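A single chain, nothing else alongside it, follows as structure tokens in the form deposited in one PDB entry.
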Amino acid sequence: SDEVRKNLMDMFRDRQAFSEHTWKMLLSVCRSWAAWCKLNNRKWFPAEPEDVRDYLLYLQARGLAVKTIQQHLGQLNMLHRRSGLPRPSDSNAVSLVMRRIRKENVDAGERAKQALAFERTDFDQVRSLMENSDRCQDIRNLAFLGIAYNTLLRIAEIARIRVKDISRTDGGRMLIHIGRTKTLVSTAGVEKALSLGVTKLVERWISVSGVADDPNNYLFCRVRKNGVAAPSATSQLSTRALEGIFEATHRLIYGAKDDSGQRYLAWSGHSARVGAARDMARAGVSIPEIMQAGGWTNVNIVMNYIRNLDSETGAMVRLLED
């Protein structure tokens, strides 16, 4: 108990050991679990196997995804392991229900989702509609879509790009140095080159926005109702705003969302990563090259994006079709 107290003090002292996103999820899960425990007269810490099991059944009955349930369990595991206590996962009761819950939800037809693809056909279409808008907002947004599709960078990585990360190649293209990599060994590399077409789009945004007046300015910034951009070296466009661009672009072409509350009814942050992976597959680019283009180390993530493409139909279709 003094041991657990000490262990948790260590966690606070070195809290930068974990992402702020990890902490947010931990806190969210602990609130959920503690609220459920107070309601059901259970002790929330240390978590007992039988109680954790009932809670997971609750999450299932609520309609949460299997991955959501795993997250809740994962956070409980982490809190306990770092406290020096036995993990909920290491119990018979919890291993058994998780097995049961996964099988039941799979058989009930639960599907993992993924971003609606934003592909070359969509990019050309948006390009042909918005190319000659000289509204600042439209100019920024097109440059952003170009970079997203061209580089397969995640929204948080795009939001962090500074003017000084960009140089010019011998061949006329912009080259974006990756200032902060995703991991120590950067599978996606240290640089992303833009095509000559996307280079033009970004050049347009830079000259229109004034961001290059200070090399430390983030590439992308706020554009207010009066078509004036507000460059900043201290404040990034939020990843939320970047998702808004994808959604607005989709609304431009396809109108209002279907309202069914479902996810991925419009393009989102991951849409151009999915779309690019698909276009490379269509063109016959090797799996390893596709994986490097997006900084993937696992084939299965990529497979999920491209597995409904005719080029990926497998040997039996090939055998049967001659």
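One-based numbering along the sequence shown. Here the rigid core means the biggest group of C-alpha atoms that line up within 1.5 Å when the two forms are laid on top of each other. Residues that one form lacks are left out of the comparison.
J.: Is the mean CA B factor in the deposited entry higher across 15 to 23 or across 308 to 316?
T.: So the stretch with the higher mean C-alpha B-factor is 308 to 316.
J.: Higher average CA B factor in the deposited record is what I'm after, so tell me if that's 98 to 106 or 134 to 142.
T.: It is 134 to 142 that shows the higher mean C-alpha B-factor.
J.: Which has the highest CA B-factor per the PDB entry: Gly261, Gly269, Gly294, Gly63?
T.: That would be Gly261, according to the entry.
J.: Highest Cα temperature factor in the entry, among the options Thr181, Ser195, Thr151, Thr169: which one is it?
T.: That would be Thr169.
J.: Name the third of the chain's ranked CA B-factors that contains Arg160, choosing lowest, middle or highest.
T.: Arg160: CA B-factor falls in the lowest third of its chain.
J.: Lowest, middle or highest third of the chain for the C-alpha temperature factor of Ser32?
T.: For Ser32, whose C-alpha B-factor we compare with every modelled residue in the chain, the answer is the lowest third.
J.: Report the third (lowest, middle or highest) to which the CA temperature factor of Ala47 belongs, ranking only the modelled residues of the same chain.
T.: For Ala47, the deposited C-alpha B-factor lands in the middle third.
J.: Looking at the C-alpha B-factor of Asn40, is it in the lowest, middle or highest third of its chain?
T.: It falls in the middle third of the chain.
J.: Would you please rank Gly255 by its C-alpha temperature factor against the other modelled residues of its chain and give the third it falls in: lowest, middle or highest?
T.: CA B-factor rank for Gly255: highest third.
Although it is not shown, the form deposited in another entry is what the next lines describe.
J.: Superpose on the rigid core, then report which one of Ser232, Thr181, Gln71, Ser238 has a CA displacement of at least 2 angstroms between the shown form and the other one.
T.: So the residue whose C-alpha moves 2 Å or more is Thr181.
J.: Superpose on the rigid core, then tell me if the C-alpha of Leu309 is displaced by 2 angstroms or more between the shown form and the other one.
T.: The answer is yes; the displacement is at least 2 Å.
J.: Work out the direction of the Cα-Cα change for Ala315 and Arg278 in the other entry: closer or farther than in this form? It's 3 angstroms or more.
T.: Distance between the C-alphas of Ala315 and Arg278: shorter in the other entry, by 3 Å or more.
J.: Check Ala188 against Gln70 at the C-alpha atoms and report closer or farther in the other entry, compared with the shown form; the change is 3 Å or more.
T.: Farther apart, by at least 3 Å.
J.: Note down every stretch of 3+ consecutive residues with C-alpha shifts of 2 Å or more between the shown form and the other one, superposition done on the rigid core, in sequence order.
T.: Three-plus residue runs displaced between the shown form and the other one: 179 to 189, 306 to 322.
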